[PDB]
Amino acid sequence: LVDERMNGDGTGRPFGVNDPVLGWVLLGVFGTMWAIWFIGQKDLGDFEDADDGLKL
Amino acid sequence: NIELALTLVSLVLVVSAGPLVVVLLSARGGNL
Amino acid sequence: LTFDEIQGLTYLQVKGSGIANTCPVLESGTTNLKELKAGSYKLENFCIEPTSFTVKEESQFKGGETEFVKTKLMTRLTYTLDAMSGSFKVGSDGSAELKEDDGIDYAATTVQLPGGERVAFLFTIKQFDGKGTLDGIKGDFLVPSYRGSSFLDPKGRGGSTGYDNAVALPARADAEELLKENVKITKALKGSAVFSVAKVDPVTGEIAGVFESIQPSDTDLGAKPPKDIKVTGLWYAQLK
Amino acid sequence: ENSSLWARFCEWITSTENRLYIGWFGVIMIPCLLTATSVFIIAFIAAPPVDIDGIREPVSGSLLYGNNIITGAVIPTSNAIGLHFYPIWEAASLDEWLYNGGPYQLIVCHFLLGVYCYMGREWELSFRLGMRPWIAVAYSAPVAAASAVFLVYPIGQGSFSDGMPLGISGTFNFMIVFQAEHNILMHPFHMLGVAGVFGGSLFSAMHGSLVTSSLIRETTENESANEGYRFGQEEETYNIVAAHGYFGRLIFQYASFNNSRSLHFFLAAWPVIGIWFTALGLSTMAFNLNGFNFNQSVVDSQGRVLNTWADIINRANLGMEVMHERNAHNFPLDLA
Amino acid sequence: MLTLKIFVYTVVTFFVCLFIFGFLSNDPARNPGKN
Amino acid sequence: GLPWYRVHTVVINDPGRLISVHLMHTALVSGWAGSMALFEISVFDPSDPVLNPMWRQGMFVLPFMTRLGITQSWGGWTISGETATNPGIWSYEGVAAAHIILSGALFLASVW
Amino acid sequence: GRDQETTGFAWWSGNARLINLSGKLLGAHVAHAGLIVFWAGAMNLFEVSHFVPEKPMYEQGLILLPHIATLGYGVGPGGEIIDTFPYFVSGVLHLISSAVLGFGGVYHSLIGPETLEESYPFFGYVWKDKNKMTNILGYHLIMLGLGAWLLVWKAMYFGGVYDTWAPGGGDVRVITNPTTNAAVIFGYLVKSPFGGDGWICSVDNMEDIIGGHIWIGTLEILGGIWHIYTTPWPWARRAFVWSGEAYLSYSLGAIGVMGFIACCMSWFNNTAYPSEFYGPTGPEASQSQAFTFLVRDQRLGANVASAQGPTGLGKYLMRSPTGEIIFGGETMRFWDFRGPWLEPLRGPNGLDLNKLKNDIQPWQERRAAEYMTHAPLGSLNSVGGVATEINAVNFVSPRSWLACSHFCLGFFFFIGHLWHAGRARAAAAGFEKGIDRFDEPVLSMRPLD
Amino acid sequence: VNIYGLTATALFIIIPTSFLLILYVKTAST
Amino acid sequence: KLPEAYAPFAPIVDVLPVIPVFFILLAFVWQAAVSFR
Amino acid sequence: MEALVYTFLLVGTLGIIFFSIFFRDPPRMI
Amino acid sequence: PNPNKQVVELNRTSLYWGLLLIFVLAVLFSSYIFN
Ligand SMILES: CCCCCCCCCCCCCCCCCC(=O)OC[C@H](CO[C@@H]1O[C@H](CO[C@H]2O[C@H](CO)[C@H](O)[C@H](O)[C@H]2O)[C@H](O)[C@H](O)[C@H]1O)OC(=O)CCCCCCCCCCCCCCCCC
Ligand code: CLA
Ligand code: CLA
Ligand code: CLA
Ligand code: CLA
Ligand code: CLA
Ligand SMILES: CCCCCCCCCCCCCCCC(=O)OC[C@H](CO[C@@H]1O[C@H](CS(=O)(=O)O)[C@@H](O)[C@H](O)[C@H]1O)OC(=O)CCCCCCCCCCCCCCC
Ligand SMILES: CC1=C(/C=C/C(C)=C/C=C/C(C)=C/C=C/C=C(C)/C=C/C=C(C)/C=C/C2=C(C)CCCC2(C)C)C(C)(C)CCC1
Ligand code: OEX
Ligand SMILES: [Cl-]
Ligand SMILES: [Cl-]
Ligand SMILES: [Fe+2]
């Protein structure tokens with residue numbers, strides 16, 4: 001046909017991914033920043049006992 | 001029109017039935 | 001995809017894919033072009049899919065030649081002519097007659113020039129009557145006016161409905177600018193198209209090929225000169 | 001040191017010592033409202049004309065296409081798209097995106113997602129400064145009204161082409177067409193919204209003048225009275241008793257508010273509740289609930305129609321609806 | 001166009017994961033009020 | 001205090017304000033370069049390069065872009081008299097924008 | 001009763017007095033749950049008494065009877081109402097149960113204990129006890145999970161539910177094969193909310209609906225058992241506020257989204273909200289108009305395919321932006337509409353005009369002409385046209401009442417989220433009464449902020 | 001009478017006139 | 001309409017939906033009776 | 001031509017917004 | 001707290017030279033500018 005499309009306007013794809021690299025973008029960027037948060041979780045407090053939130 | 005009149009009688013017996021709780025409970029007792 | 005691969009899909013699977021804008025390719029069948037049996041055929045599922053839109057644009061420069069330039073498409077996927085009914089006749093030697101009567105045989109389409117000029121047109125083959133051998137079914141269709149007669153401009157002027165003058169300029173309501181207020185010309189022009197049958201599948205009664213048409217663009221109800229647009233691409237039909 | 005990379009980033013994002021506070025809503029608010037700001041200014045100036053109505057006539061809204069500040073607008077998305085999601089990457093060319101009203105849906109998606117997070121960080125800085133939270137609840141009323149015009153009314157009508165145009169004269173078209181199709185003037189929630197902005201302008205002038213007319217004499221007549229207040233002074237620079245005891249004389253004594261804290265709650269609650277209703281009134285007419293239709297309501301004996309002022313509003317209403325979107329309608333009922 | 005879509009999905013998920021893990025990184029303790 | 005012709009000598013003693021005040025001049029020079037190239041493109045007539053060329057039309061900074069390779073435009077036209085099929089990013093308007101984007105970046109650096 | 005100076009709450013915020021009063025708060029909810037069941041009993045019998053069989057269910061202002069009709073009680077093929085007595089039993093069983101819920105709600109509000117902590121330790125709770133809060137959260141998920149299995153049992157075993165997509169017209173269909181495929185069920189959830197997707201408002205058949213409630217039934221039974229036997233993990237201690245007003249604000253933001261979802265659910269969907277009972281959707285009535293004049297004018301000797309409109313796009317049939325043959329006009333925006341009267345005319349490549357020139361059925365033009373004159377536009381005094389329409393009919397669609405009420409309720413409960421989540425986060429921090437006036441934290445900050 | 005020279009005259013007046021007025025009224029108040 | 005063994009009780013049914021509007025009003029009467037303490 | 005004047009008035013208004021935030025007269029306490 | 005802060009001064013005799021200079025240049029050159 002005349003031009004080139006991505007062809008996903010009304011297809012209902014999961015999180016709008018149609019190249020599998022887009023799903024690894026979703027997992028890579030979430031996973032990179034989950035890991036930065038997880039390693040940095042030692043500076044956030046060890047809320048280990050049961051009554052250890054901001055409560056009233 | 002008895003079907004319209006009973007609807008008004010049913011309205012008055014119910015629209016009083018709330019304050020009649022509040023009035024009677026104010027007179028005798030009063031723990032409201 | 002073939003015709004049977006399209007019809008083996010549900011509506012929600014073909015929706016939003018661009019498959020619905022395409023003619024069925026004729027994968028089975030050979031290019032021998034003679035085992036097509038002579039005689040008359042009423043021609044249904046006749047569909048035409050273009051591949052290029054080039055317009056005869058005058059050159060930007062002063063001594064430049066006027067050729068057909070590559071364009072990019074503004075309307076999205078609304079340009080395939082599809083499901084046209086008509087009659088198809090072939091001779092004993094190879095002389096063929098293509099004719100369509102009803103169907104979706106027009107497609108309004110805006111296309112943009114390299115330079116920023118948006119030329120709009122309706123891609124049609126409507127009321128086609130073409131004769132000739134299976135490499136060329138040369139004939140002429142008509143191009144109707146791109147807007148109807150009851151179309152109204154931004155100032156409310158139009159052919160059938162409308163003011164017929166510039167009402168917001170009450171002293172110069174009718175003046176020497178009556179080219180675009182006093183006449184809204186909706187005269188239909190003519191276009192020529194060349195079909196060439198390329199593949200025959202006689203066991204199913206399916207024939208396909210390549211088409212080439214040239215048609216006028218748009219006159220803005222008689223306010224700009226219409227430009228010539230060369231449309232090429234594929235086509236497909238079902239003899240049955 | 002002991003602090004990680006993420007922990008020093010959290011103490012910078014939530015830092016109250018930034019000049020503009022960021023917060024965790026500001027890592028959404030800033031890259032959204034810089035995206036929508038940059039593509040607004042480029043499309044208000046230089047966008048090519050837009051097929052708003054889906055009928056393949058383009059509508060110009062840009063300064064470079066013969067528009068001024070009043071008549072220029074970022075044109076809403078095409079009617080052929082509807083509520084479909086049309087980003088840049090779903091177009092073939094960038095010019096097809098520009099032709100079909102693509103810039104509008106990119107502004108509106110980032111603007112709405114930016115004002116939802118602007119509301120979130122008005123909460124957040126209040127929590128970081130030790131404040132009570134509900135300035136965000138007050139800002140939810142222009143947020144809901146922005147959400148009604150750009151999101152909810154397109155959702156109800158089925159196209160972003162029915163969303164409000166991003167411009168001055170495009171807004172006016174949006175209002176005039178709305179009153180023809182929904183009769184917004186005869187809707188009580190718009191009536192309450194007008195009472196919120198007429199009351200909110202009355203009360204801004206009322207509270208603004210009683211405080212100004214009760215200023216303690218601190219300066220001379222050679223210097224403005226606004227120099228009698230020092231920023232950070234702990235005394236209270238006007239006389240609330242003299243202001244109350246004046247407005248008490250003016251209408252009624254118990255009509256006034258002797259409580260300045262109760263005064264400023266009512267001063268907040270009259271516009272915010274009024275705009276809450278006209279944001280919902282716009283959102284109920286999004287679903288075509290419409291305004292009161294009292295047309296041919298007064299009828300005399302022998303069954304004949306006496307006109308009212310509502311019948312004259314209808315003559316002004318049905319003049320607009322026979323002329324709005326003048327080429328779109330092939331069929332006699334504007335159901336879209 | 002796909003290069004733009006990959007880039008926007010890296011960008012948007014960068015800022016969404018800043019949002020989510022920011023409130024998971026002990027937001028309710030970032031008050032001036034002591035208890 | 002100082003006379004009117006001596007005001008800029010507050011910068012002779014501190015080098016940090018000397019960065020900031022050359023950055024503002026550099027933002028104005030490239031801010032002129034993009035603005036003059038936008039003005040010249042908006043009035044240039046690329047129709048006849050043979051008998052109405054750029055020096056005939058008053059173009060001053062357009063022969064300096066064209067001297068170092070920039071021959072194509074985002075309006076399709078070129079200088080040699082043909083259509084640009086791929087203008088690229090380094091058009092006349094791309095460079096007229098690349099100097100304005102640099103003008104605002106140098107502006108912010110001067111405020112810093 | 002209780003007063004201001006012993007609580008610090010005025011009369012206008014006096015339900016906030018019973019935050020830490022577990023028994024009073026229980027009677028507050030059970031008496032309120034009496035009202036929801038009382039309204040559902042009373043408004044059901046109001047709609048049974050005012051039901052007229054000569055008129056459609058959507059014409060009469062009925063919003064609760066289409067819910068019992070969608071379950072398939074008392075409906076026939078094509079949405080015809082067989083009997084009204086199944087709608088009467090649903091009204092009385094709620095109206096009688098409301099007195100039982102009303103009794104114990106009045107009981108625990110007046111006579112029952114103020115805090116049921118020391119006498120009834122199973123029901124007692126402190127808001128900061130994170131084990132007991134998940135324990136009560138787990139009990140109610142099992143109730144929501146077993147409630148979701150009632151819809152599955154009624155569709156699979158107890159007579160079936162109304163399928164508007166059934167072959168032979170819409171009637172009650174036992175859903176023998178509910179869709180338990182996780183790629184299909186969790187494909188709605190990750191779908192985009194925009195045009196052509198509609199997040200979960202496009203669920204197009206009842207097999208995905210009933211098979212989806214198998215998933216929501218099992219996950220809530222499993223997620224209830226999960227919260228009974230666990231406490232929130234330390235990352236969840238770190239993120240939440242653990243007060244009773246916080247738990248309210250968590251529920252208010254969750255339920256304010258659900259009001260927005262059911263707003264767009266009843267407006268767009270016609271499978272869980274069948275058009276025989278709720279009337280046509282916004283998209284359905286606008287597509288019904290273009291279909292009605294495509295059959296009117298085709299019988300008057302006009303080719304509906306070759307007919308060019310005044311703009312040049314096609315008056316009756318045009319092409320979708322993804323290439324489907326759709327209806328022309330301003331209803332090009334609703335081209336992704338699917339309806340059970342329209343889908344018999346639709347092939348792969350959009351609508352099939354060969355099928356549409358020869359095989360328009362007489363029942364389809366009956367139903368599409370009904371939907372055009374019952375478009376979901378009306379007025380606030382229930383007039384029933386565009387705003388430029390005279391007082392002739394008496395109609396506002398239930399879809400127009402269901403969407404408009406639940407956007408407003410969904411909007412205010414988002415405001416109630418912003419109120420209580422701001423307050424509970426600030427009241428747990430200590431500064432909900434105001435600035436301390438001794439250590440104002442702005443005064444310990446560096447100026448030129 | 002051109003658009004340039006009528007406003008180039010006005011800018012060569014007012015931009016240096018007012019600049020000198022900015023510096024004088026600054027100075028005469030000291 | 002209702003089943004015909006209950007249609008004489010249809011006058012009571014037309015009053016039954018508005019009753020939860022009276023329940024929010026009863027909270028204001030009860031608070032007026034204790035003088036809004 | 002007038003579009004050049006329009007953008008200069010819009011850039012000039014956004015300039016004052018930039019100076020009113022980042023070069024405001026700072027509120028001195030006490 | 002920049003130590004390099006100076007003030008500009010312009011007395012009225014320098015105002016009268018400056019205003020004269022830009023009017024005499026406008027008397028001179030504008031005959032050529034209007035051409
Ligand atoms: C088309 C597809 C689209 C994409 C899919 C979209 C849907 C995705 C939805 C998935 C579900 C998401 C739910 C995540 C919940 C996270 C909640 C959380 O904050 O979770 C918080 C908890 C915290 O856990 C606890 O964290 C603690 C932190 O300790 C630290 O601090 C302690 C003191 O506090 C001690 O000092 C200790 O020594 C120190 O280590 C302890 O370590 C505990 O052991 C530990 O259990 O995290 C945990 O439980 C585990 C968290 C879950 C696992 C996360 C995996 C992330 C992805 C991995 C894959 C990446 C791929 C990369 C690709 C690269 C190439 C491109
Ligand atoms: C690279 C070039 C350069 C640089 C950095 C300087 C820098 C300086 N000069 Mg020198 N100067 C230069 C070129 C330069 N000059 C040239 C070419 C001349 C000959 C005309 C002079 C003659 C000169 C004198 C006679 C004096 C200075 C002085 C100064 C100092 C203060 C300037 C001031 O306050 O102006 C303030 C200027 C104004 C407030 C307005 C000036 C407006 C005029 C009309 C120009 C209009 C601006 C125009 C838009 C820009 C176009 C310029 C063009 C080159 C592109 C400063 C150290 C003074 C000094 O040393 O102080 C002790 C001093 O007395 N300069
Ligand atoms: C759904 C609405 C609802 C519910 C269930 C409650 C429930 C409650 N409120 Mg709240 N309240 C409400 C709305 C509600 N309120 C509203 C709208 C306001 C603002 C006006 C208030 C303002 C308010 C204040 C200011 C206070 C309460 C308090 C209370 C509690 C004690 C009640 C009491 O002592 O009354 C005694 C009153 C009566 C006995 C009067 C008679 C009312 C009865 C219950 C009506 C029952 C009628 C019904 C038909 C009976 C059916 C019986 C069955 C067998 C069929 C109670 C749990 C108090 C509290 O916090 O306690 C610590 C308190 O101080 N309320
Ligand atoms: C929220 C869900 C909901 C929905 C979608 C509907 C929808 C409908 N109802 Mg039902 N109804 C509801 C709740 C609902 N109702 C409740 C809670 C009750 C009990 C009171 C009833 C009782 C009821 C009866 C008795 C009847 C209906 C009828 C109707 C129909 C027409 C209604 C009409 O004309 O409204 C007109 C529009 C309004 C009244 C606007 C409401 C706006 C409210 C009042 C807020 C106003 C804002 C204001 C400032 C706040 C007030 C407080 C402030 C002063 C402090 C329609 C199908 C009628 C029908 O068709 O029967 C077959 C009918 O006879 N309803
Ligand atoms: C009424 C429902 C309800 C409620 C209120 C809770 C409440 C809670 N659960 Mg429980 N849970 C429930 C139902 C519920 N649960 C059910 C039904 C299941 C079974 C599936 C579980 C299984 C479960 C587990 C296994 C765990 C919890 C945990 C928790 C706690 C923290 C949850 C949290 O912060 O999520 C925050 C959510 C996220 C960070 C996910 C990101 C969300 C974004 C929006 C993306 C979501 C994508 C997803 C596919 C949905 C897409 C559609 C969406 C856009 C609508 C909290 C006490 C945790 C805990 O401490 O329990 C001990 C825990 O580990 N829950
Ligand atoms: C299920 C939801 C829920 C629950 C349990 C609570 C519970 C509570 N709220 Mg919250 N609130 C909610 C939703 C909820 N609220 C929502 C949705 C909003 C936004 C509108 C608010 C806004 C809000 C404020 C602003 C305040 C509370 C307060 C309170 C406390 C006492 C309230 C009281 O005595 O009422 C007394 C009842 C009245 C005075 C009568 C009000 C009736 C109004 C006018 C509506 C009338 C109904 C009308 C038909 C609706 C028209 C709208 C329609 C068009 C949709 C209590 C903890 C107060 C508090 O102490 O904070 C902790 C407080 O100041 N709430
Ligand atoms: C490019 C953006 C868009 C352009 C918009 C065009 C219209 C702009 C209208 C607004 C003009 C400014 C209004 C008044 C500002 C003010 O008084 O600031 C007061 C502050 C004083 O603060 C103090 O300044 C002190 C230095 S001093 O005292 O000034 O020497 C410093 O030490 C101290 O820290 C500080 O507190 O000034 C400064 O900080 C720096 C001097 C600002 C000089 C004026 C700039 C004029 C605009 C030129 C921009 C380029 C234009 C050409 C290109 C388009
Ligand atoms: C006297 C005279 C002279 C001189 C003149 C001059 C010197 C002029 C100047 C001029 C100039 C010097 C100009 C300039 C301009 C500039 C501009 C115009 C700029 C702009 C910029 C911008 C606009 C930017 C923006 C931005 C930012 C801010 C950031 C980033 C982003 C953006 C891009 C947006 C001479 C000797 C020659 C002779 C004649 C006369
Ligand atoms: O989009 Mn804007 O305005 Ca809601 O009606 Mn139909 O569509 Mn359209 O016309 Mn009328
Ligand atoms: Cl219009
Ligand atoms: Cl139409
Ligand atoms: Fe005040």
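A note on names: the letters A, B, ... follow the listed sequences, proteins ahead of strands, and every chain is numbered from 1. Values below: every heavy atom of this structure, side chains too, minus hydrogens, waters and symmetry copies. Indexing begins at 1, ligand by ligand and atom by atom, following the structure's order.
- The distance from ligand 8 to the heavy atoms of F:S103 drops below 4.0 Å at these ligand atoms: 19 (C), 21 (C).
- Here the protein heavy atom with the shortest distance to atom 12 (C) of ligand 8 is F:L28 O, 3.6 Å.
- Paired with D:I313 under the rule side-chain contact (heavy atoms from CB on, under 4.5 Å), one option of D:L318, D:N183, D:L185 passes, and it is D:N183.
- Within a 4.0 Å radius of atom 21 (C) of ligand 8, the protein contributes one or more non-hydrogen atoms.
- The closest protein non-hydrogen atom to atom 27 (C) of ligand 8 is F:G104 CA, 3.8 Å.
- Proximity of C:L221 to C:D153: side-chain heavy atoms (C-beta onward) are nowhere separated by under 4.5 Å.
- Using a 4.5 Å heavy-atom cutoff, the side chains of D:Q179 and D:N317 are in contact.
- For atom 10 (C) of ligand 8, the closest heavy atom belonging to the protein is F:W32 CD1, 4.2 Å.
- A heavy-atom distance below 4.5 Å is found between the side chains of G:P310 and D:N330.
- The Fe ion (ligand 12) is closest to atom NE2 of D:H207 (considering only N, O or S atoms).
- Scanning the protein for heavy atoms near atom 23 (C) of ligand 8, the closest one is F:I100 CG2, 4.2 Å.
- Centroid-to-centroid, the aromatic rings of D:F178 and D:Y153 come within less than 6.0 Å.
- A donor-acceptor distance shorter than 3.5 angstrom exists from the side chain of F:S103 to the backbone of F:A27, with no hydrogens or angles considered.
- Of all atoms in ligand 8, listed by their number and element, those nearer than 4.0 Å to a heavy atom of F:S35 are 17 (C), 18 (C).
- Using modelled atom types, one finds a donor on one side chain and an acceptor on the other under 3.5 Å when comparing D:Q157 with D:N288.
- Using a 4.0 Å threshold on non-hydrogen atoms, atom 7 (C) of ligand 8 does not count as touching the protein.
- Note that atom 29 (C) of ligand 8 has protein non-hydrogen atoms nearby, at separations under 4.0 angstrom.
- Among protein heavy atoms, the minimum distance from atom 15 (C) of ligand 8 is reached at F:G31 O, 3.6 Å.
- Summarising the geometry, atom OG belonging to D:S256 is positioned 10.5 Å from atom CZ belonging to D:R249; distances are rounded to the nearest 0.5 Å.
- Under the 4.0 Å distance rule, the nearest protein heavy atom to atom 32 (C) of ligand 8 falls outside the cut-off.
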